[PDB]
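Geometric and topological summary
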Amino acid sequence: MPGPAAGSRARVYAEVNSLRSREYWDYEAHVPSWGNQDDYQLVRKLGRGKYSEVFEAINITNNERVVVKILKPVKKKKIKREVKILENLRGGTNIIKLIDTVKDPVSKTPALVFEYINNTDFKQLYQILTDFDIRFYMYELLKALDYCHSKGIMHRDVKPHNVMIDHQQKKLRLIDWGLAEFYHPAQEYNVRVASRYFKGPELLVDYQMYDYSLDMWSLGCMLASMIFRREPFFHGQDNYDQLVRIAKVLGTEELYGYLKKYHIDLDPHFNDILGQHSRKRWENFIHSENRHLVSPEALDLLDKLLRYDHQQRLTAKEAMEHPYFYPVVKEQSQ
Ligand SMILES: CC(C)Nc1ccc2cnn(-c3cncc(-n4ccc(CC(=O)O)c4)n3)c2c1
């Protein structure tokens, strides 16, 4: 309509799924097999969301501790898909492992039996960390991101509560994948995904032509909080204040340029809201309280991540080939 808008495309795996069997991305056509519950004794309920309840369980057959989740047939679509995706991920570094899709004849409803990892909530955890114990998980976390990205998939919801971490042992597993989806070269994607603290700026202007990049802003948000000490860093209010909380960091001007870059009329409102703020040196957040966590690296890596242009951001991999993570000879030396 008068006032066209280019659009975007994945800058990295922009065409992956295509050069692939339809079977693959056609999850609406994915009829997975199921198992009973009976084989599983749901010990203690860890959590649950709007559609899924989540318990700690153990496979009766072989006293093996495991995690299980269930969720009414809200949209056999989501369900259908969530499954295909996960099978399509299994065997992926730091990617939650889907043990087996079973339908607890309990209600005669489907459930997932995920591997079990001993999570310790970032709340307590995100404070004992260290310049090291951070680069370490980020990178780790990343290895996950880049992998699902490499496989044409953008989780669509990055946040602490989806990033378990066994600090004792020392492992990371980006659990969950119920909001994720497939990435095909240009497709208006609901913008109503993610959380009111990570949802990227892009998903504020209701800009659907997003991609893997989204998985990075989030990843961006954590890092900052992890490095500076704010949780969340952009602790927003109205799904709209969440745009200003940012605006004050990336810049009000710098912002428009972005919406100019992609023909975007900023919904009214923000007018009264926004104001005229100017990009803030990330140093404007480094005080005693976090002095030891920061460093030029994180500030560097951080600037190239938390950016408006949902395109000009570091890639899932580039991230890993970035300096800040050098401190990790990534156990693999060859
Ligand atoms: C349940 C999630 C939302 N949060 C949560 C909250 C408290 C806790 C405590 N431990 N814990 C936990 C531990 N191991 C595995 C999973 N798990 C395996 C897959 C999924 C869920 C999935 O992958 O969808 C979760 N969750 C929690 C996990």
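Residues numbered from 1 in each chain as written, not as in the entry; some residues may be left out. Heavy atoms only, no water.

As for the site of the ligand
Taken together, 14 residues lie around the ligand, and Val 67, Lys 69, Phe 114, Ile 117 and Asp 176 are the ones closest in. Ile 117 places a polar main-chain atom, nitrogen or oxygen, 2.6 Å from a nitrogen atom of the ligand. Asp 176 places a polar main-chain atom, nitrogen or oxygen, 2.4 Å from an oxygen atom of the ligand. Looking at the shell around the ligand, the elements that each hand over two or more residues are β1 (40-48) and β3 (64-70). Grouping the amino acids of the shell around the ligand by side-chain chemistry returns nine nonpolar, two polar and three charged. Each of two domains, domain 1 (8-25 + 117-334) and domain 2 (26-116), supplies a minimum of three residues to the shell around the ligand. (Near = heavy atom within 4 Å. Polar contact = N/O pair within 3.5 Å; in protein donor to acceptor, adjacent residues only side chain to side chain. Helix = DSSP H or I, 4+ residues; strand = E, 2+ residues; numbered from the N terminus. Nonpolar A, V, L, I, M, F, W, Y, C, P; charged D, E, K, R; others polar. Domains from an automatic or database assignment.)

Let's talk about the domain arrangement of the protein chain
You can read the domains of the protein chain as domain 1 (8-25 + 117-334) and domain 2 (26-116). Between domain 1 and domain 2, the C-alpha centre-to-centre distance is 27 Å. Contacts between the two partners involve 26 residues from domain 1, matched on the other side by 21 residues from domain 2. Of the roughly 2,100 Å² buried where domain 1 meets domain 2, counting both sides, 52% is carbon and sulfur surface. Among the residues domain 1 hides against domain 2, the three largest losses belong to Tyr 147, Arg 173 and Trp 177. Together they make up 29% of the total. Inspection of the region where domain 1 meets domain 2 yields two salt bridges. Of the charged contacts, one joins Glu 115 and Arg 173 as a salt bridge, the two residues approaching to 2.4 Å between their closest N and O atoms. Looking at the side of domain 1 that touches domain 2, the elements that each hand over two or more residues are α1 (22-25), α4 (132-150) and β7 (171-174). (Contact = heavy atoms within 4.5 Å. Buried area = accessible area lost by both parts, 1.4 Å probe. Salt bridge = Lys/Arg side-chain N within 4 Å of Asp/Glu carboxyl O.)

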